[PDB]
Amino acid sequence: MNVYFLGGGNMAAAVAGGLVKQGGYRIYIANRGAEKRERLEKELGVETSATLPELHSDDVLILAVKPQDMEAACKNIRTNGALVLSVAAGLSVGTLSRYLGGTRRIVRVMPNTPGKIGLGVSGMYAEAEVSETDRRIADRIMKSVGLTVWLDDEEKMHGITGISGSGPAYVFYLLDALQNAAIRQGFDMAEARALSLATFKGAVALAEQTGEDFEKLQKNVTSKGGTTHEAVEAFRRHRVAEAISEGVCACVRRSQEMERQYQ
């Protein structure tokens, strides 16, 4: 089964690479610039081209261009009833339908950048008119790069952005936060980075393996009048977790704003 990508950038290359490891797809990437077709061909060994070939109802098309270039990109594309996925932000299924001239055979994806390493999380959404078999085809495609999470309401696609879409940046911010607290305690940049990385990696593996509630895990290791308690009381006083929720709201507000730009 053919999987065409419209757009040869990072997300396209993550999912294409994903599909190559999975096996049994024919990958093909339309991308206007030669430079980056050169890379894909050398690294993944996928076919590429400046334009798409004729599509058929038995193909998949993955739309992977930046949102603002999407209407132009889709302008003269004839899907011929192919299954369409899109990974572009802020472009609703109805907007996508318009762009492509009426087809409803569309699944939306909100992936994130650890998918580049097979650790992604992809929010997924399809209207009711989209068959279960098409959902399953889309779902196995996005599972080549990580976790899928299907949503009932297209609106929750903003929640995904707020949590898993932009969340890796929050984690980088918090890694850096801990690295910097380590430098303040007298560690050189090398130790402070290693400390912070290993701290996060090991706490996260513990949470994963136990499946215990995050809060239950925090409390299990915060005896009253002890060192951990002093730190987490400071976190609480400065409303750290709350500010995290505020940041998420500001992110989801802005995703909502941005989406009104094209519908």
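We number the residues from 1 along the sequence you see.
Novice: According to the deposited model, is the average Cα temperature factor higher in 215-223 or in 233-241?
Specialist: Higher mean C-alpha B-factor in the PDB entry: 215-223.
Novice: Averaged over C-alpha atoms, is the B-factor higher for 35-43 or for 197-205 in this PDB entry?
Specialist: 35-43 has the higher mean C-alpha B-factor.
Novice: Based on the deposited C-alpha B factors for this chain, I'd like to know if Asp134 is in the lowest, middle or highest third.
Specialist: Lowest third.
Novice: Please place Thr210 in the lowest, middle or highest third of its chain by C-alpha B factor as given in the entry.
Specialist: Highest third - that is where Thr210 ends up once the chain's C-alpha B-factors are sorted.
Novice: Pull the Cα B-factor of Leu175 out of the PDB entry and bin it into the chain's lowest, middle or highest third.
Specialist: It falls in the bottom third of the chain.
Novice: Using the B-factors in the PDB entry, rank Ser92's C-alpha atom against the chain and give the third, lowest, middle or highest.
Specialist: Answer is lowest: the recorded C-alpha B-factor places it there.
Novice: Considering every modelled residue of the chain and its Cα B-factor in the PDB entry, is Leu83 in the lowest, middle or highest third?
Specialist: Lowest third, going by the recorded CA B-factors of the chain.
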